[PDB]
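Here the Cβ is made from the backbone with ideal geometry for all residues, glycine too, and neighbour counts use every protein chain on show. Derivation of every value follows stated rules applied to the coordinates shown; laboratory data play no part.
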Amino acid sequence: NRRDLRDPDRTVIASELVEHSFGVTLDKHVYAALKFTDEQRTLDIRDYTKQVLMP
Amino acid sequence: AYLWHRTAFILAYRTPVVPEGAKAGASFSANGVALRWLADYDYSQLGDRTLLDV
């Protein structure tokens, strides 16, 4: 604040210290799901890593 | 006019002590009388105050 010099009133305005806050949260669940039959796993899938896991 | 003997009148002086809460003050003299000086800051009035007493 500011005040005039030699002012007959000597009151000073109190400055105030106010911290603020917000919040961060986990919100989503990202997933990839696959299902195979025993026939597909036995016969169709030849390389599990290249055919299933990497995609 | 006044004519008196030495024993007619008595003066006594005592210098006040500077208390614990006061910023340490000086000590002056007046006709051989020790005077306690003291200073205090008035934040409300934004100014210093001095007292010299006995």
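Screening the candidates B:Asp40, B:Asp48 for the property of being within 30 Å of A:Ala14 (Cα to Cα), away from chain A (no Cβ under 14 Å) and outside any loop (DSSP other than H, G, I, E, B) yields one hit, B:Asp40. Just so you know, in the range A:1-13 the residues that are of a type outside the set (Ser, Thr, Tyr) and within 12 Å of chain B (Cβ to nearest Cβ) include one that is nearest to B:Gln45 (Cα to Cα), and it is A:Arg10.
Taking the conditions exactly as written (over 19 Å from B:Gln45 (Cβ atoms), of a type in the set (A, V, I, L, M) and out of contact with any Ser or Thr (no Cβ under 8 Å at 6 or more places or on another chain)), does A:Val18 satisfy them or not?
Numbers: over 19 Å from B:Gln45 (Cβ atoms): yes; of a type in the set (A, V, I, L, M): yes; out of contact with any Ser or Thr (no Cβ under 8 Å at 6 or more places or on another chain): yes.
Here the answer is yes, as A:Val18 does meet what is asked.
Has the range B:3-13 got any residue that is more than 14 Å from every other protein chain (Cβ to nearest Cβ) and surrounded by 10 or more Cβ atoms within 10 Å (Cβ to Cβ)?
Among the residues of the range B:3-13, at least one is more than 14 Å from every other protein chain (Cβ to nearest Cβ) and surrounded by 10 or more Cβ atoms within 10 Å (Cβ to Cβ), which makes the answer yes.
Do we have A:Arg46 as within 30 Å of B:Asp48 (Cα to Cα) and of a type in the set (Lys, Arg) here? No: the conditions fail for A:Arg46.
In the range B:21-37, is there at least one residue being under 30 Å from A:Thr11 (Cα atoms) and either within 14 Å of another protein chain (Cβ to nearest Cβ) or in a strand (DSSP E or B) (or both)? Among the residues of the range B:21-37, at least one is under 30 Å from A:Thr11 (Cα atoms) and either within 14 Å of another protein chain (Cβ to nearest Cβ) or in a strand (DSSP E or B) (or both), which makes the answer yes.
Yes or no: the range A:30-52 includes at least one residue that is among the small types (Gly, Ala, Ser), out of contact with any helix residue (DSSP H, G or I) (no Cβ under 8 Å at 6 or more places or on another chain) and within 14 Å of chain B (Cβ to nearest Cβ).
no
Looking across chain A, the residues that are hydroxyl-bearing (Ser, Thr, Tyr) and either surrounded by 10 or more Cβ atoms within 10 Å (Cβ to Cβ) or touching a residue at least 60 places away in the same chain (Cβ under 8 Å) (or both) come down to A:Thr11, A:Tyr48.
Inside the range B:14-49, can you point out the residues that are of a type in the set (S, T, N, Q), surrounded by 10 or more Cβ atoms within 10 Å (Cβ to Cβ) and under 30 Å from A:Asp7 (Cβ atoms)?
Initially, the range B:14-49 is screened for residues of a type in the set (S, T, N, Q), giving B:15, B:27, B:29, B:31, B:44-45.
After this cut, where a residue has to be surrounded by 10 or more Cβ atoms within 10 Å (Cβ to Cβ) as well, the list is B:15, B:27, B:45.
Result: B:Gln45, single match.
B:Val54 meets each of the listed conditions (1) in contact with a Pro (Cβ under 9 Å, 6 or more places away or on another chain); (2) within 30 Å of A:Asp9 (Cβ to Cβ); (3) of a type in the set (A, V, I, L, M, F, W, C) apart from (2).
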